[PDB]
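Sequences listed follow chains Z, G, L and U, in order. When we follow this note's numbering, the leftmost residue of the first sequence carries the number 594, and every step to the right adds one. When we follow this note's numbering, the leftmost residue of the second sequence carries the number 732, and every step to the right adds one. When we follow this note's numbering, the leftmost residue of the third sequence carries the number 30, and every step to the right adds one. When we follow this note's numbering, the leftmost residue of the fourth sequence carries the number 9, and every step to the right adds one. Backbone N, C-alpha and C fix where the C-beta goes; we use that ideal spot for every residue, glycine too.
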Amino acid sequence: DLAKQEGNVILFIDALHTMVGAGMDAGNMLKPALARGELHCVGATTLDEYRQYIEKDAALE
Amino acid sequence: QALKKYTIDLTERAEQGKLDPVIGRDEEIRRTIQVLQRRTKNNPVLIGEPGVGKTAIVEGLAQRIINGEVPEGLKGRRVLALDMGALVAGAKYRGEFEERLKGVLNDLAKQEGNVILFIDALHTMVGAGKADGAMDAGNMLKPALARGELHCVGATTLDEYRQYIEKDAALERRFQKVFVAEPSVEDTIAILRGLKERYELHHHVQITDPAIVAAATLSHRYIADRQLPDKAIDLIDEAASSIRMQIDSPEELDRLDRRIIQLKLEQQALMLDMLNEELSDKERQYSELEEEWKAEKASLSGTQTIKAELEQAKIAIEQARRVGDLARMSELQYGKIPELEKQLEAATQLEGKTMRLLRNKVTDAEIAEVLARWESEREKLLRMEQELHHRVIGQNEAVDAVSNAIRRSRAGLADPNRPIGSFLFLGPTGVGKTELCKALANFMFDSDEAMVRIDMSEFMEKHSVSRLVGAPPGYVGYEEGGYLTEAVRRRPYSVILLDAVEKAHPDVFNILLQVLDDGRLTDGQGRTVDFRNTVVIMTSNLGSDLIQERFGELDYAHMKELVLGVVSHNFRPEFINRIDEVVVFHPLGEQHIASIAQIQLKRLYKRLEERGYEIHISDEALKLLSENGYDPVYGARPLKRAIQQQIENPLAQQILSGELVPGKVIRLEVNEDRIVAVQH
Amino acid sequence: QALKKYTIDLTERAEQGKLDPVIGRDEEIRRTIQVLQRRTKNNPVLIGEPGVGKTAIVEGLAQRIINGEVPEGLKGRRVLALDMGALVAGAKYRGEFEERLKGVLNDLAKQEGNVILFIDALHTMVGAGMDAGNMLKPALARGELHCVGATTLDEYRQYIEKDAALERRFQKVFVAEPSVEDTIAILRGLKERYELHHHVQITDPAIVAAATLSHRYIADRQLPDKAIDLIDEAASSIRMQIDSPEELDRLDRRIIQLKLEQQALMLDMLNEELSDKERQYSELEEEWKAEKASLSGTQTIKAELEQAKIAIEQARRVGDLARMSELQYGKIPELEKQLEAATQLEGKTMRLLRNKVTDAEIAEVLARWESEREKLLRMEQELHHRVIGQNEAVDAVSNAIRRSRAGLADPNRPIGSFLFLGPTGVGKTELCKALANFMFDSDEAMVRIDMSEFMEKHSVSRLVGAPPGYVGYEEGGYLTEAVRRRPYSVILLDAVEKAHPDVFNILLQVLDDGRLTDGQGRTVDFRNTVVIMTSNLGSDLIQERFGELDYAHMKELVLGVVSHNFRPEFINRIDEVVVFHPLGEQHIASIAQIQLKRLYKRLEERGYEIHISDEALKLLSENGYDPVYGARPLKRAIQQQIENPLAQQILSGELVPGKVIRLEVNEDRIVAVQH
Amino acid sequence: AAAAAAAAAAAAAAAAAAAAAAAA
Ligand SMILES: Nc1ncnc2c1ncn2[C@@H]1O[C@H](COP(=O)(O)OP(=O)(O)OP(O)(O)=S)[C@@H](O)[C@H]1O
Ligand SMILES: Nc1ncnc2c1ncn2[C@@H]1O[C@H](COP(=O)(O)OP(=O)(O)OP(O)(O)=S)[C@@H](O)[C@H]1O
Ligand SMILES: Nc1ncnc2c1ncn2[C@@H]1O[C@H](COP(=O)(O)OP(=O)(O)O)[C@@H](O)[C@H]1O
């Protein structure tokens, strides 16, 4: 559905680690749309997850 | 096919031109291909820094393949990229992601080294692919290490390679430390010049090449983490989107629109008027500016479309160079290139006629705006000389002497192998010495905590160099680093005070002479840190008895010469002659005392404003504070405690007494030996 | 089937010839076979630094099993290798490592005493989470497993002396380091494999030269591995240089540019010039194709030579009679002689080029990643490239260096043993710097020791090394780290006369042994370094008596002075005490001129064209000159009296880069001009 | 359908040491 909306909807999901895993589950499923540019989302985090769960995966840099 | 499932063919994207043209690095790619067609140790890995076109090195190799700029053994080969989470899209069971992976391995067996895959972050693929009742890519492709169906390339950082790769034997002896160096300023500029037009296409703007080189300059000067061309890319593209926002503005439109809707509200209420006519004038003005805005938008629209047409013509003539059509080459070149360039510049000068509200050429000023949202020599000189007088009061001889020293420092036409600061500051205590160090930090190093306070008074003992510098352990200041050298290893951009050099030792002068000659300095741990970005300051009190005595009715130069002779009595003159300048701090007599006591009175007034009080001081009270506060030996410290006692004890004594009312002029009248606050 | 999941049939690989025909080491292989046919404790470990090819030793054992050189307990076995990191890395929870480990043991018992196991990183298996050694404890003990270790001696003494079951459920087999000549024969065995892979040929004198330089200019990597890397990367570089070409690119860009120019012009002349350049490009292209066809034929006949060798080895295993003599006496000499015909043919035809990798390519690979003796023939000239005067000391030092690298005296005695005297500032330390520079590497890539300081027992405990359980321990003495991190440098001893005489005992142990025992129990050798001791005892004796007095008798006079000072045992072990006389006023003026040279170099680094009066140079040389200290007061005085008024005038906005800046005299000082 | 099974989750902590000089 987000693909169908075609740039009209702008996503915002903070606490981005939860998108990294949400109980394979979410990071491995969304990370295609992340590393394809179809997603136009906005992140928001504490500096702790920016050191831990963001700069470690330089595949998301 | 499993190759069609979750693999990213870089050769296909470059054949489609989807990858960006990578410029330079030919030694790196050459040595990479040296590592490629080896018999053993056959998988390279790009050791570098996060963000440095390591991915682009792989894609530029694929571009050299599509261009045929490779040896024949690499011709016909396939550069693919395998994604992890693409394979982990629809598979969580007992052996289905791993089944996909092994089928990809069987397709590698189908091609037999024809496909040369790339997967970066080998250490991540080894030490993070956790699976339940299932495997990773690391230990399933560790067979392909010792099966030869894997000529793959890697990319990592200097540390994680050493963590998770160098420790294994097989993951050692299949892999090569293909180091990648930090690129230069100008090569980065050249890549920017090559990829400028792609951004001008995407962001509908124009880019100034002086702005390119100045962006590279301020990025290499200021931006710490980001790297090349990463910070250059981000500055250029963020400024491009900024100017794009400025395209989708204006502001006087909003001024006039709020004005016309406000006067429309007023005239709708008044239904004398005159506001029909005022509204008609402002609506005509608004419509004129609106049509001007739409005309400028149409001008930039046609300009950017024909720019994209020019780049598509470049793409088409490159396709003609790959394919080999005959009339298409000369036709596309001699027709399409000069006419579209000259009418693009005709549209450019048409805009430069009509760009009233808008811009498209990203200037260096725009880059400075981005960076402030994110010149040097004479401005630093003049503002330094100005900022000397503010915090530190007086000492104008020392002001000018240290100004000369900073001038000869930032000239750099002295010995550059000497460190920046070499200073002996003579005088009594109190006198702004630490304040001078902090002001020097405040403007040269532009902050407060760019300093390391160490006195040499604690270092009369024989173990000065050990605790100070770094030692063979058994001590305390080893796991801390040390006192001085390892705090410069913490703070390479700092100012060094050395108080009480009269309390010295032979392992004080000698370490300092290695500083004076070198800057780089031998610790115990064996890792010298340079001092040529830092300032070294000493102070003493040896001839300061004479400074307290005979500053009155004597000059500055002959006093400095006589006290330098006194230091030559105390020290060895070969020690004290590598210093830039030894200066003298006079005793601060009256007005310096009045000023600094006034500073403390004003911050006291500030804190009682935070309470809500308004206090004025008598100047006779200031005179008694000048008498009670200054001593010939110490200075500011009896002034501090005298202010403390003779002000704050009756003051808070009466405020807590509930005697004083907020909002009165609380005049600090004098007692016989005290200060009385009155309520009027 | 975890064997399919975790192990590698090396017998399959060498059975398919995938592996190295590993050469030598037969005593150690035999002792491993001794261990592998015991009743209990059936596990050898391999102790050696990584890169000595312990893996390859097991590989060659497997090739011998392929040959069947083994006694009657090993015929039919299957050698399989295994990592621990393949097992540790899947430990999410409790009990996931260990299901894998027990399933491994179930496959091992399942094959019923037929599989020989290999495991490297034994010290890894110590720590995984009890974790690993205790599950393998019964099969290591009860003969139902034939584990083979591979680790390093430090990790042995760190890890394997802890668990006793980890000790005696293994057995030591020492692994040694391969020699120079054995490396040569190894690479001779490895030459044909490389020449098959990289499609080219190899100069075998360049191979032995690569061995020489691999021992020479490499410290970390060792054999076989470093020469493997050198020859592989050089062969790859040559293969890239062959598989390109540059003049073809120049000619192709030239002809397409002149083609576009002639297409624009349609006086001409450019059809003719284009046809000439196209003809030359076609000649170069046809030469390139002829070279590539010649190398293609050479590589095919080389690969057929290797296949004939593999076939005659298969005949040695199987036992065909006429096939042996046929393949040998026919196929080997004729294919080698026409391979040498191809060698001389490609020596003729590769022009634009070579395939036989020479030692200059080795120098490229090495210095990237040879006039030493002849520079030592002109070493006195090298030392007087930078330091003027004191010719005799230069000569004697060059004599010592020639004796050193010529190797006449005791090699267990150190290279340089020299006490230096006279007044400083003339460039003794400058001599030390340039000596280490043109001798070995660099000016300040050395060690300086302030022996003015050390006057007592605790001072000796400092510079020697504190005994353990005391103050100054964990980074040795002042000396010991300084030399152990610097395997090839020069030791400097300033103010030897200020020391307490007990440090001379440490100096005597240096001069005899060269290995010196610190407080940290490890000897740091000095035999590959130079000790320089310096002093100033007979300074005024020379200053008063240099005038028309010789080198030898004045040396003997101040030597007698040192005999009044120092130990007779100490002056016994001295090679030579040079004089270090004060040179002259003009030579110290010339040293000041060289300081002006590096000064003008730094001004040109700023970018100024500045000249000087020679009278201004004389005033400079007379500013800070003193016989009592040397040129260093002259150095700092000239440096101050230049850097202050000149950069004062520069920051006064007077000097422009690109003007005639003559440093003219003042009445006592120097002014710069702008013309 | 299945259930999210509970885990085991082995964890670990470490130690420093301390070495001590003598004055004399
Ligand atoms: N000329 C001056 N201008 C401003 N404040 C001054 C001046 N002379 C002395 N002071 C003040 O005197 C007080 C004494 O405090 P300190 O700064 O610690 O003493 P002093 O400046 O540092 O000399 P030392 O180096 O500490 S002995 C401080 O509040 C100084 O700012
Ligand atoms: N007898 C030998 N004949 C030929 N080459 C040998 C011999 N012994 C060792 N080598 C070489 O030594 C190289 C070292 O490779 P490795 O086997 O990985 O090193 P290692 O000695 O096993 O130590 P590690 O832990 O494996 S790096 C091999 O590639 C061999 O070619
Ligand atoms: N000279 C260059 N040519 C092409 N691209 C470059 C160049 N320099 C930097 N880049 C860009 O920098 C980006 C970061 O690449 P890289 O450094 O591999 O990422 P990371 O450091 O995260 O691994 C790449 O996308 C690349 O396009």
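Near ligand 3: residue i beta-carbon under 8 angstroms from a heavy atom
i: G:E780; result: yes
i: L:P167; result: no
Three-state class that DSSP yields for residue i in the structure shown
i: G:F1154; result: strand
i: G:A862; result: coil
i: G:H1300; result: helix
i: L:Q200; result: strand
i: G:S1197; result: helix
i: G:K1395; result: coil
i: G:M1115; result: helix
i: G:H935; result: coil
i: L:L382; result: coil
i: G:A886; result: strand
Selected residue, minimal CA-CA separation from residue i, among the options
i: L:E485; options: L:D470, L:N466, L:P530, L:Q669; result: L:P530
i: G:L1157; options: G:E1072, G:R1398, G:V1232, G:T1265; result: G:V1232
i: G:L1319; options: G:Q1126, G:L853, G:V944, G:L1102; result: G:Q1126
i: G:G1250; options: G:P1150, G:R1342, G:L1088, G:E1284; result: G:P1150
i: G:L1273; options: G:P1159, G:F1176, G:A1373; result: G:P1159
i: L:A235; options: L:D470, L:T84, L:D272, L:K385; result: L:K385
Pair within 9 angstroms by beta-carbon distance, residue i and residue j
i: L:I215; j: L:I52; result: yes
i: G:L839; j: G:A793; result: no
i: L:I145; j: L:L109; result: yes
i: G:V1314; j: G:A1172; result: no
i: G:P752; j: G:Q958; result: no
i: G:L1155; j: G:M1290; result: no
i: L:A239; j: L:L225; result: no
i: G:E1379; j: G:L1335; result: yes
i: L:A511; j: L:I535; result: no
i: G:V1226; j: G:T1265; result: yes
i: L:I76; j: L:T153; result: no
i: G:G807; j: G:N845; result: yes
i: G:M1182; j: G:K1169; result: yes
i: L:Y654; j: L:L663; result: yes
First and last residue of the uninterrupted alpha helix (DSSP H) at residue i
i: G:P775; result: Looking at the DSSP string, G:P775 is not in any alpha helix (DSSP H); the run it does join, the beta strand (DSSP E), is 774 to 779.
i: G:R809; result: Careful: G:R809 lies outside any alpha helix (DSSP H), inside the beta strand (DSSP E) at 809 to 813.
i: G:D1131; result: 1127 to 1142
i: L:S650; result: 643 to 650
Terminal residues of the beta strand (DSSP E) in which residue i lies
i: G:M1182; result: 1182 to 1186
i: L:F147; result: 144 to 148
i: G:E1233; result: Counting along the chain, G:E1233 falls outside any beta strand (DSSP E), and DSSP gives it neither H nor E.
beta-carbon residue i near ligand 1 non-hydrogen atom, thresh 8 angstroms
i: G:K1164; result: yes
i: G:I1124; result: yes
CB contact below 9 angstroms: residue i versus chain C
i: L:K318; result: Absent from the structure is chain C; the protein chains it does hold are Z, G, L and U.
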